[PDB]
Amino acid sequence: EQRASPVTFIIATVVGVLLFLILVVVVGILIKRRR
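Residues numbered from 1 in each chain as written, not as in the entry; some residues may be left out. Heavy atoms only, no water.

Structure determination for the deposited model, as stated in its record, used solution NMR.

Set out below in structure tokens:
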């Protein structure tokens, strides 16, 4: 629990930031710019 809870939060943060830069920033904001 003491090391496993902050390591699980770092694993969830890196997959959430990777899904935001691909799905929201590239196929969303940058596809609205490239029209």
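Student: Explain the overall build of the protein chain to me, and be specific about the residues and the numbers.
Tutor: Helix and strand counts for the protein chain stand at one helix and zero strands. Here the C-alpha coordinates of the protein chain stretch approximately 50 × 5 × 5 Å along the principal axes. For the protein chain, the accessible surface area stands at approximately 3500 Å², while carbon and sulfur atoms represent 74% of it. (Helix = DSSP H or I, 4+ residues; strand = E, 2+ residues; numbered from the N terminus. Areas by Shrake-Rupley, 256 points an atom, 1.4 Å probe, with all protein chains shown as cover.)

Student: Provide a residue-level description of helix α1 (residues 4-33), including the pertinent values.
Tutor: The first and last C-alpha atoms of α1 sit 41 Å apart over 30 residues, in line with the 44 Å expected at 1.5 Å per residue. Roughly 40 degrees is the biggest bend found in α1, and it falls at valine 25. (Expected span 1.5 Å × (residues − 1). Bend = angle between axes of the 7 residues up to and from the residue.)

Student: Kindly report on the UniProt feature "transmembrane region" in the protein chain, identifying the contributing residues and their values.
Tutor: UniProt records the feature "transmembrane region" at residues 9-31, using the numbering of this structure. When the span residues 9-31 is considered, its composition is 100% helix and 0% strand, and the gap between its end C-alpha atoms is 31 Å. (UniProt positions renumbered as here; feature names shortened; annotations may be inferred.)

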